[PDB]
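Asks: Task: produce atomic coordinates for the following.
(3 chains)
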Amino acid sequence: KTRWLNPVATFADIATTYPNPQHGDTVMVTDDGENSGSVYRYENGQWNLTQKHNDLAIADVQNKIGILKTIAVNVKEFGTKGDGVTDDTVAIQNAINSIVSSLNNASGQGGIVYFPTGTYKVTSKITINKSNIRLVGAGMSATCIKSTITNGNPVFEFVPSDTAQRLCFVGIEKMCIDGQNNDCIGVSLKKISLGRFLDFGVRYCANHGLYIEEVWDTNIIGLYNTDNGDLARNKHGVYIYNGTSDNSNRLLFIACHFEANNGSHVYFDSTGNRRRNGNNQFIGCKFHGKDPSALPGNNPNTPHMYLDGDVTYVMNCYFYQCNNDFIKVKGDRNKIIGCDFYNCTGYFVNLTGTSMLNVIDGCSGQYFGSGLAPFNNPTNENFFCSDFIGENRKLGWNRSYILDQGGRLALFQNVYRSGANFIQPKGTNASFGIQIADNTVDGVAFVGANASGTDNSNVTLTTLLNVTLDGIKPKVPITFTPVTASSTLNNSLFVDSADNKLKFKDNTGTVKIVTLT
Amino acid sequence: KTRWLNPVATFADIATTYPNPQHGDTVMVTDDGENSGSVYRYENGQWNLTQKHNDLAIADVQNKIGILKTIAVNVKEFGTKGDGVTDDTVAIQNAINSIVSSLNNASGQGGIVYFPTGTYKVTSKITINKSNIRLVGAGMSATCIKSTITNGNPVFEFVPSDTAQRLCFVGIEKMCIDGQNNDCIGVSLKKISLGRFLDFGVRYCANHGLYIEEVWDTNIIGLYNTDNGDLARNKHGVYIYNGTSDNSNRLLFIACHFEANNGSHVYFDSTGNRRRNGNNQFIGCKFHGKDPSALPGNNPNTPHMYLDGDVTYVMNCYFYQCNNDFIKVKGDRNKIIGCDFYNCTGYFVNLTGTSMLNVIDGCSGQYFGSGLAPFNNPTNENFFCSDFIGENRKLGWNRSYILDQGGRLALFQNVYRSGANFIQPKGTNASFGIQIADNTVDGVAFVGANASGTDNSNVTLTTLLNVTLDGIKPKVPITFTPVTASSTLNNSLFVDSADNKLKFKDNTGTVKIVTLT
Amino acid sequence: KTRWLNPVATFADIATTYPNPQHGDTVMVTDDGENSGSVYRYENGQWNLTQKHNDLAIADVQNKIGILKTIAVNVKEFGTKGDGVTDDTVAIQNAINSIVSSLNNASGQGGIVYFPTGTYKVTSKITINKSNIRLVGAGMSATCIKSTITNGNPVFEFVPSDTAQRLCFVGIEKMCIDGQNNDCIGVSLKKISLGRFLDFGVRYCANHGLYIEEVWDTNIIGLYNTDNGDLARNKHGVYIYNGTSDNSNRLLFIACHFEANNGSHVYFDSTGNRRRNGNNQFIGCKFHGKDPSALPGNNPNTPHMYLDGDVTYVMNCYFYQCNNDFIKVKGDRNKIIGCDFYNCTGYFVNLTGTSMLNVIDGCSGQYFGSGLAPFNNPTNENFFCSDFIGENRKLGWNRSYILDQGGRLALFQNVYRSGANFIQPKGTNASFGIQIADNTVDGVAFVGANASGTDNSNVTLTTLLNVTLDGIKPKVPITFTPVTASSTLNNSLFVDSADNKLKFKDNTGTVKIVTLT
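Replies: Residues are numbered from 1 along each chain as shown, chains lettered A, B, ... in the order given. Have a look at this structure:
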């Protein structure tokens, strides 16, 4: 049942003009600003908006605008100018707060906050405290947030309002945060699960660029991260902290671009509690230094990636120009696979402390630190299978090596060739090896050296035996262990365990005594 | 009963723009001389003047709205409520059906079906059967389809309307399908090519979570798949079937998240015909068990990934907590590279049956099943190059091993060290090897053991020879092959082939007979 | 319930025009001054004002529209028909030209140009000369640009208007360029930085499909590239040129699909200047030939990937059906990791010229060219660690090999087994090796051969020594180097350097002369 009432100017007029409504009552508002043409209906004690009476173009237009508005909350609705001059902080915060949501999964709640093309001046922290909120701009540079924050706070701070809980499915897409070299954090993420970030920039923040604490299961695709951090104050391009109760895990950085940061590009911090950061990945990422003119040059003395973490996957990443180690590792079972390293003052991969079961596989590069190596000789067992320029070791673990020994195929234990010298990583132990040459003088050779007394000192290799086309060539005596005569083959020289005499069993099988004078 | 159409210039344009008017269709004319602003309503086979505007701005608004509507078909245009209580099935289907399209490429046809923030109750199967239809929500949880289907049917069924053709360029983005633990399939994909899926969830489906039959060349990025399947009825989180004519191939799962499924996370089934599933990929994916408190615990007895397929790429994936093998392989040339495995009751990788030329490269992990190993000893040749905790073998293929033998670099054939034992995998063959130590007692050692007659049995390694700093030390006799005396260098001991006598050629080239008694 | 009558001018004209009003009759009065737009409904027995169109409210409603329009510039606003019949070239260019932007970063400017579902006939080159412009359609086939260009120009040309600068943050998403077999380039990219492309197709272009010159730091996800190029004219699916000033670098192709191209799928060209293409990546990409029925068949005689570049990452890619080498390399430190190769006429990976320090790791495949191998024997050092069908060598660099030697574990220098033959790669050097068997006749064997004189010739391996369970078995003499008597252990045979006599220190510690006659 529809019962048309006479129209009123505004919705505010409805209660005044009609203070005793009845069921089925239908009225149109006709002079209500941008709400004009809306039709309301008294239903179950409330006036309800209906799409039923669209005969008039203005009523149909209002219905269709309502539907079109469900795509996104446009920050322009809340008064942003986007001109880089007006302070847009309050309007952006209001547009975010207008989305009804809650914490954790919050299924069926949330949406997009859309930032059209522009420059948005932000002067205080903007907080996102509910699940399922995505901030989406017009493009990685078309939409730019320009910060004047100088108190160390983030421009965008994602964190649950109740920190015993979590925010799920938040993200940023297609926009830039520009710190303008002020002391602010670009983006702060805390207690987030299942975040989704795509093609966004964080640049020129003198605090952390992207700060991450106890974040789980979050994909970050196409991040552009430059000119962030402050080495002296321990601020970095991306800082990943475990926090005090759990950890950060399953952060996946895919096809990201880190360049010319003032701290490290990526800094893992697992000191917050015993649960260490784990199972984070960098796939196809670029780690590019600050000053290509020289090393050290103007490049900060900090690793491109500080990895205080376990089970990190560093897959086909590019490292260039670093006044430290490219990757400084403090943790276990990290995976460095198919990476290329070009020009650093330290190691490509520095396995520090008790780091163990890390793997360097399919990697290459050039120009590690002078007198150093692609990787160090670590305390515990780690594994490698790679071919770097200037490194003779090709595959090994702990102190067992398959290596190039001056053009020979070599199988060495506790020794390897570096430059012209043979290095003994464990100085309290001896060194032994086989090396297989392709010249007839060397043939297959056996080598050894005593314990030098000092880890990583050098040794002289003694050749013990050569096997060549014209002889078995012992350089030390042949020392027999006695055996029984019945065990011996025809034409066998042996010491008989029955009487400890040197004997020869000839071609007929007869045991004879070797005459000694 | 009104449907507003886009404005036209004049009355003469009505018949040419709208050749099939329906009852209640309504249109305004904008540039028609003195009749500008006239509004016509189609009723009783005729256009009837019903309204007339003076200011034509209303037509300008209608026109801009018409252009804005071209970006997507909003399901709310067809009466969906998104309140979680209204059955929205028919309205969603009507919105999908409103897009005119074709099969195969269907160039220039199709579009987006957009689901605003909300909960959508679906009570029967919704079918997408034309190309180029994408279902798109406001976010992985912000838009949520709640299924009440209990008969095994999918919530969303993608299948070509003609099964001799293909459905191309379909997908789902930014939404969740929630089976509410009912017997329904979350998403069914059949005979698809070039699908594109991004950041969508399939959860709590008691049938298959994602069912895939004969799908080609489809990218799935950021899928979140949990609590699906039914082990007792062979239903799984993702079920990949070849079907009866062809196969599923080039399914790329990138950065996906599988957790707490009641079946296998991923189950490949090539039993439909001779063309086996091939060339599918999992990159950076997570495979997380149901019950982290204990193993077996409440974890289903089923591999995290059952791989009845060939040339699968499992790249930098994470595997945790499985009451079976992590990866059960039935097929050839699968690649397991840079993966990490933690805690299962079977093998990390079980190469069953005739599986051959699979590779396990740069992996690590801990806590394979008691008494087992990271991988099994398979029938046919497979390849590995990884360093696992508790596994001495580092690189190998078939029964050829490079391994750690108690701190030594060891190159072994048909024997490896497991714990304190030496295992002979092929019992019909003897075992031989070299082990290179870093102590002077051992030096370079040669070892062997006779064929035991029992596969995988424990053998004793006999030391045959040590090459050390102070001697070449044979533990068996020196057995000469007779050679000619001209062939010998000075200072040579040899048996002469002329007379089968042990001789010595001294420092001057003189051959003398070793006196025997 | 409602019956719309013809409008009247004034309220007073209602009674005179319809003296016989029925229930539900509805009329608008249109020229009553202030009261124009009022709608009256005959209810019960009066005419009742029920609805009203306010001309002065439409301005406010327009503000909402203007906000909605900030999401994107829709080409339909500029007069596209999208029917494939009308030339849409000028309307699309006008739409793009209406974007307000500039060059380099151009922060806070730019936006999306949106192409709704349709077929867009384009007859001459469309240019994008300003930063931050993204071309977005409704789907990879739903929005299709149909080219009639035949003069070799591109359909879309992205290049800075000022070539002293760069174009930044441009892209294409969700649309197809269809060249209709005309002589046009699909998409041309030049002097671009930080491009972002997603799920777009380039097909049936008889010039290059995608031409790329001096492009930096650009992500390309889900590209579909088929039926492009023309081998007779040196046109290819994707052509990446360094240009004359710098190079192309950090191009990331992720989950891309290259199929049935008429040139090479990917052609790198570094001939423009000294700075070679570098650090480009292919992750999860498909490279599929033209004619699966036969090889050579109809397949173009050109590699699937021509790699004149350095530090390229080819990660877990799929290669199938090539009438040439699958990857023809001219460069250094490229990485071929986890790829699979099936059926080509040349090598899987052809390291040509001075190509050095490339890695082939974790790869497999079947059916390289008749009498060839998975990879060639290159001039300079390259590294491999993979298990291919029909290739005995498993790990190696230069001429140092770990291989399967007829079922033995073998460590060979300058020789490897190929079928029934042993090949000596460097003809001027000898060959030596160790092979470790699992049979009691062979045990651990030492093998060698003289230099053949001819590179890659067949040689015979001479067994020099067997170490078995029943003896140390020299096939050539034991040739002693003289040592001092005091250095000998008990039971030691040696030549004494004091007098060059063969002596034995027996079990009693006494040095005795071995009696000779």
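Asks: can you pull the buried residues of the host helix or strand of residue A:458?
Replies: Using DSSP states H and E, the element containing residue A:458 is strand A:457-459. For strand A:457-459, the buried set under the neighbour-count rule, 16 or more other Cβ atoms under 10 Å in any protein chain shown, comprises residue A:459. Every residue, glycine included, has its C-beta placed from N, CA and C.
Asks: how far does it sit from the chain's center?
Replies: In terms of Cα atoms, centre = their mean, to the nearest Å, the centre of strand A:457-459 is found 37 Å from the chain centre.
Asks: and if you look at stretch A:404-419?
Replies: Remark: stretch A:404-419 is offset 34 Å from the chain centroid, using Cα atoms, centre = their mean.
Asks: residue contacts, the residue positioned nearest the centre of chain A?
Replies: Nearest to the geometric centre of chain A sits residue A:282, at 3.8 Å (Cα atoms, centre = their mean). Neighbouring residues of residue A:282 by Cβ atoms under 8 Å, 6 or more residues apart in numbering or on different chains: A:253, A:256, A:266, A:305, A:312, A:313, A:314, A:315, A:317.
Asks: Kindly write the PyMOL command that selects the buried subset of those.
Replies: Selection of the buried residues among the contacts of residue A:282 in PyMOL, burial being defined by 16+ other Cβ under 10 Å:
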select buried, chain A and resi 253+256+266+305+312+313+314+315+317
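Asks: Go through the contacts of residue A:282 and flag which are in strands.
Replies: Per DSSP state E, strands hold the following members of the contacts of residue A:282: A:253, A:266, A:305, A:313, A:314, A:315.
Asks: what comes up buried for the biggest helix by length in chain A?
Replies: If you go by DSSP state H, chain A has its longest helix at helix A:57-68. For helix A:57-68, a neighbour-count test (16+ other Cβ under 10 Å) marks A:57, A:58, A:59, A:60, A:61, A:62, A:63, A:64, A:65, A:67, A:68 as buried.
Asks: Tell me the residues of the stretch 201-350 of chain A that contact chain B?
Replies: For the stretch 201-350 of chain A, the residues in contact with chain B (Cβ under 8 Å from any Cβ of the partner chain) are A:217, A:219, A:250, A:252, A:254, A:279, A:281, A:283, A:311, A:313, A:315, A:333, A:335, A:337.
Asks: count of residues packed around the fifth one?
Replies: Around residue A:254 sit 26 other residues, with neighbours defined as other Cβ atoms under 10 Å in any protein chain shown.
Asks: For it, list the residues it contacts.
Replies: By Cβ under 8 Å, 6+ apart, the residues touching residue A:254 are A:219, A:220, A:221, A:222, A:281, A:283, A:284, A:285, B:254, B:255, B:284, C:254.
Asks: What sits closest to the residue in the stretch 251-400 of chain A that chain C sits nearest to if chain neighbours are left out?
Replies: Of all residues in the stretch 251-400 of chain A, the one sitting closest to chain C is residue A:387 (3.5 Å; Cβ to the nearest Cβ). Nearest in space to residue A:387, with sequence neighbours left out and distances taken as Cβ to Cβ, 6 or more residues apart in numbering or on different chains, is residue C:383 at 3.5 Å.
Asks: I'd assumed residue C:355 was in contact with that neighbour.
Replies: No - the pair residue C:383 / residue C:355 is not scored as a contact, 11.7 Å apart, by Cβ atoms under 8 Å.
Asks: quick one, phi/psi of residue A:104?
Replies: phi 60, psi -140 (degrees, to the nearest 10).
Asks: what's near enough to touch it?
Replies: Going by Cβ under 8 Å, 6+ apart, residue A:104 touches A:131, A:165, A:166, A:168.
Asks: filter the residues you listed to the buried ones?
Replies: Buried members of these, scored by 16+ other Cβ under 10 Å, are A:131, A:166, A:168.
Asks: and these near chain B, which?
Replies: For chain B, the contacts drawn from the buried ones among the contacts of residue A:104 by Cβ under 8 Å from any Cβ are A:131, A:168.
Asks: Rebuild the buried ones among the contacts of residue A:104 as CSV, extending it with secondary structure and distance to residue B:102.
Replies: Shown next, in CSV, are the buried ones among the contacts of residue A:104 (DSSP: H, G, I helix; E, B strand; the rest coil; distance: Cβ to Cβ, whole Å):
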residue, secondary structure, distance to residue B:102
A:131, coil, 39
A:166, coil, 45
A:168, strand, 39
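Asks: Output the buried ones among the contacts of residue A:104 in JSON lines; the columns should cover distance to chain C.
Replies: Listed next are the buried ones among the contacts of residue A:104 as JSON lines, based on distance: Cβ to the nearest Cβ, whole Å:
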{"residue": "A:131", "distance to chain C": "24"}
{"residue": "A:166", "distance to chain C": "29"}
{"residue": "A:168", "distance to chain C": "24"}
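Asks: what are the phi and psi angles of the closest residue to residue A:450 other than its chain neighbours?
Replies: Counting by Cβ to Cβ, 6+ apart, residue A:450 lies nearest to residue A:430, which is 5.6 Å off, once chain neighbours are set aside. Here is the backbone geometry of residue A:430 (degrees, to the nearest 10): phi -70, psi 180.
Asks: need the contact list for residue A:430.
Replies: By Cβ under 8 Å, 6+ apart, the neighbours of residue A:430 are A:414, A:448, A:449, A:450, A:451, B:437, B:438, B:439, B:440, B:469.
Asks: Are any of the residues you listed buried, and if so which?
Replies: Using 16+ other Cβ under 10 Å, the buried ones in the contacts of residue A:430 are A:414, A:448, A:449, A:451, B:437, B:438, B:439, B:440.
Asks: Alright, calling it a day.
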